[PDB]
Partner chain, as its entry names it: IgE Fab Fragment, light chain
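Before any questions on binding or motion, here is one chain by itself as structure tokens, the form deposited without the partner chain.
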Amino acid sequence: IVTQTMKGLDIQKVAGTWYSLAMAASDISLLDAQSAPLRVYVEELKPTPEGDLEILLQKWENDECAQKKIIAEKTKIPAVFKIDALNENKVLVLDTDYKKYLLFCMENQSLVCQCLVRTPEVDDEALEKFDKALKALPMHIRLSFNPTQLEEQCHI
């Protein structure tokens, strides 16, 4: 359902630290509970030489903030990756400028998207792009975080 992808993406250049400044989902239940399955806080992106993308993140799981490390596998489309699961789920890079922000979505029709930024600051420009990107999409919950939260484990 996402029909916005980054043209000419260089996955090498998204390597490094990121902050989950905002997230949205197609269904409230996906982000509602703190332990919601798709409520995840991105830490670092580590593209591999073959062009896959390993992702370091945290998730609240069983009254604790856990580190998760997952791998999104490349596809023939540079902006589209696959996470192996019970169901095929696609990760799409919608837009990035590499140095400030990155917008991505994960889709199965359920959908979770985030606005990532390089620094713990509220980037009104990244957020406008995020909101513009999502006005297409049927989102029903949106969360955003302050710079104090961005510097805490699981944004507490």
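Residue numbers count along the first chain shown, from 1.
The form solved in complex with the partner chain is left out here; the points below concern that form.
> So in the entry with it bound, does any heavy atom of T5 sit within 4.5 Å of the partner chain?
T5 lies outside the contact set for the partner chain.
> Just to confirm, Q67 within 4.5 Å of the partner chain in the entry with it bound by heavy atoms?
Taking the distances in the entry with it bound, the answer for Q67 is yes, it comes within 4.5 Å of the partner chain.
> So in the entry with it bound, is the partner chain close enough to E44 to count as touching (4.5 Å, heavy atoms)?
It does: once the partner chain is placed as it appears in the entry with it bound, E44 has a heavy atom within 4.5 Å of it.
> What residues of 123-156, in sequence order, lie within 4.5 Å of the partner chain in the entry with it bound by heavy atom?
Contacts from 123-156: just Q153.
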